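Working notes, beginning with the structure itself.
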Amino acid sequence: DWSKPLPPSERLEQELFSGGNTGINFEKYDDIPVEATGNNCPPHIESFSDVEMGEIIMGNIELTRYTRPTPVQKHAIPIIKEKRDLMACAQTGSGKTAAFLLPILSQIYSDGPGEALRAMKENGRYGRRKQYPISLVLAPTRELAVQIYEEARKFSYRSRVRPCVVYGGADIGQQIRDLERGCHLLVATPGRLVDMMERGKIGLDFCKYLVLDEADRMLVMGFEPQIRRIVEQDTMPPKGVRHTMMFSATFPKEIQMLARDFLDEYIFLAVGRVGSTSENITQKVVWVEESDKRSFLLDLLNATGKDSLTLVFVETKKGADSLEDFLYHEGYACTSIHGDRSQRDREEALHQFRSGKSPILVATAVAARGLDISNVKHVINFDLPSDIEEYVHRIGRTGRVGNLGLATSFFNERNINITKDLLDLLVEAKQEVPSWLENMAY
Ligand SMILES: Nc1ncnc2c1ncn2[C@@H]1O[C@H](COP(=O)(O)OP(=O)(O)O)[C@@H](O)[C@H]1O
C-alpha cells in the first residue's frame, strides 16, 4: 500500500532531480570518530543494505546518487529504524538531513500512516479543515527548512507521502493553501508552526516522528518557548509513543535539559568535539566601568577594521537607541534592528547590514529574536545578561562554521552574579580566564 511505489513521472522526476551534482565531502569525514552512548544501542550499518530500507527508499537513494552512508548516517539510521530516540551532534556537511529523513520515511512507508488518517480519508469528511502531519521537522531558518524540504521531495518521490514546508517572513495565506494540498512530513520553523496551529490549520495528534534540526541554533534565535509550546503544551503524543530526534552541533546545558525532557531512553551520538559552545569562537571577558564603556567600545571598533561585521548587544531598547545614536554621532556607519516591526521588515533592514553599507549592528536580545543575522565576525556584549543561558545564545550569533568569530564582553560590578557561570563556561571552552574573574568567585 504505502510500501509499493506508485507509477513514475518524467516531468516530475526531472524537476526533483535536476542533476544534483552535489555530493558530500566523502573522504575527510571517515577521519572523524563517532562515539555512541546508551543502553542496548542498535549496531551501526555499513551499506544501506544492512537493513530493509524498503523498495521506495532504496529506489530514491539511487536517483540522488548516494553510494554509501556517511559516518553519522551509519549509526543514526539503524538507531531510528529500531525506533530509539536520538540526540546527535555533528558539524555541517556530515550528512545529517538524509540521516533522519531516510529512516523516518522508510518507516512511514513500512508501517503506513496510522489508522486515524486511514479511516479519515475514506470518511466523506472532504474539504480543507485541518491537516495532521505524521512527521514534524522543526528548523531554525527558512534557508535550512527548505533544504530539508527539497531533500524530502526526493526521498518521497513515488509515494503516498507529500512533504510540505512553512516558515516566517512570507505570505502565510499562500502557505496555508499549500498545507491544504497535503501533509505527512511537515517541515517548519517554530514560530510559524505555532501560528498555523493557533489558526487550526495543523494538528499534531498523529505525529509519530519529531525532529528538532539544529536545536542549539534554534534556541539561539530565541525559539525555546514555541518549541515547548509545540511539543509539551499541545496535542502531540508523549515520549515513548512518538519518536524524537535532536540534531545540534553544540551541546550546552540548555540543550541537555531539552534532550532530557523530550528524548526517551535515547542514544547519544557524537562525531567529534562535545562542544559546550562553538569550537571555533573566541571569548574575551574584560572589566569596564559603565563610564569607560563607550570609549572602550570605540577603541574596539577602530581596531575592528577587518572589513568585518560587528553585532553589538545591549540590555535595553532604550540604551540600544542612545548608543545607536552615540555611534552615528561619532561618525559610524551603524544600523539598528527594530523590535516592534514584523520579522518580515526586520529581515529587510539586515539586507543593508549584510552588504557592508553598515558593518555595525546594534540590537537587544528581543529585537533579534527570530532573525537570521549571519555573516558576523565580531559579537561584543556591551552589557551582559542575567543568565549564562542568554550569554550562550548571544555569543552564538558568531563563529558560524568555517571561519572563527570573536565575542568580547564588557563586565563590571553590575553583573557579578553571572560570575561563577561565566568562569566555568570559559574553563570548559578552554578560553583565557582573567585572574580577577577567578578572584571574584571566591
Ligand atoms: N550518504 C550520502 N552519500 C552521498 N552523498 C550524500 C550522502 N548524504 C548526503 N549527501 C550529499 O550531501 C548534501 C547534504 O549535506 P547535508 O546533509 O545538508 O550536510 P548537513 O547535514 O550538515 O546540513 C546533499 O546535497 C547530498 O547530495
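Quick note on numbering: the numbering used here labels position 131 of the sequence shown as 132, and the sequence is numbered without any gaps.
A virtual CB, placed ideally from N, CA and C, is assigned to each residue, including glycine.
Ranked by Cα distance from residue 7, the options 26, 100, 162 and 54 are led by 162. Annotation for residue 256 indicates a beta carbon at 8 Å or more from all heavy atoms of ligand 1. Across the set 143, 438, 442 and 419, the C-alpha of 143 shows the shortest separation from the C-alpha of residue 215.
Under the three-state reduction of DSSP output, residue 216 falls in the helix class. Within the region 17-77, the runs of alpha helix (DSSP H) at least 4 residues long that lie entirely inside it are, in chain order, 55-64. Per the DSSP secondary-structure output, residue 337 pairs in a beta bridge with 363.
Nearest Cα to residue 97 within the set 3, 149, 177 and 402: 149.
Residue nearest to residue 59 within the set 202, 157 and 218 is 157 (criterion: CA-CA distance). For residue 70, the CB falls within less than 8 Å of some heavy atom of ligand 1.
Only residues of its own chain outside the window of five on either side were considered, and among them 434 have a CB closer than 7 Å to the CB of residue 428, listed in chain order. Within the chosen limit of 8 Å, ligand 1 reaches the beta carbon of residue 25 through at least one heavy atom. Judged by their CB atoms, residue 114 and residue 207 are nearer to each other than the 9 Å cut-off. Contact between the region 307-320 and the region 281-294 is not established, with fewer than three Cβ pairs separated by less than 8 Å. Along the region 141-192, the beta strand (DSSP E) occurs as fully enclosed runs of 3 or more residues at 164-167 and 186-189, listed in sequence order. Put simply, the region 267-274 does not touch the region 403-410. Fewer than three CB pairs are less than 8 Å apart. Here DSSP, grouped into helix, strand and coil, assigns residue 110 to helix. Under the three-state reduction of DSSP output, residue 210 falls in the strand class. Residue state for residue 294 is assigned as helix, using DSSP reduced to three classes. Non-local beta-carbon contacts of residue 92 in its own chain, meaning distances under 7 Å to residues more than five positions away in sequence, involve 250, 273 and 402 in chain order.
Relative to ligand 1, even the nearest heavy atom lies 8 Å or more away from the CB of residue 190.
In the three-state scheme derived from DSSP, where H, G and I count as helix and E and B as strand, residue 237 is classed as coil.
Annotation: the continuous alpha helix (DSSP H) that includes residue 258 extends over 254-263.
Counting the other CB atoms within 10 Å of its CB gives residue 353 a total below 16, which places it among the exposed residues. The closest heavy atom of ligand 1 lies 8 Å or more from the beta carbon of residue 276.
If you draw a 10 Å sphere on the C-beta of residue 13, you find fewer than 16 other C-beta atoms in it, and that means exposed. Counting along the chain, residue 327 sits inside the alpha helix (DSSP H) bounded by residues 318-330. Pairing residue 101 with residue 212 gives a Cβ-Cβ distance under 9 Å. For residue 232, the enclosing alpha helix (DSSP H) starts and ends at 225-232. Straight through space, the alpha carbons of residue 164 and residue 179 are spaced by roughly 10 Å. For residue 311, there is no enclosing alpha helix (DSSP H); the residue is found in the beta strand (DSSP E) stretching over 311-315. The C-beta distance from residue 72 to residue 33 rounds to 6 Å, short enough to fall under 8 Å.
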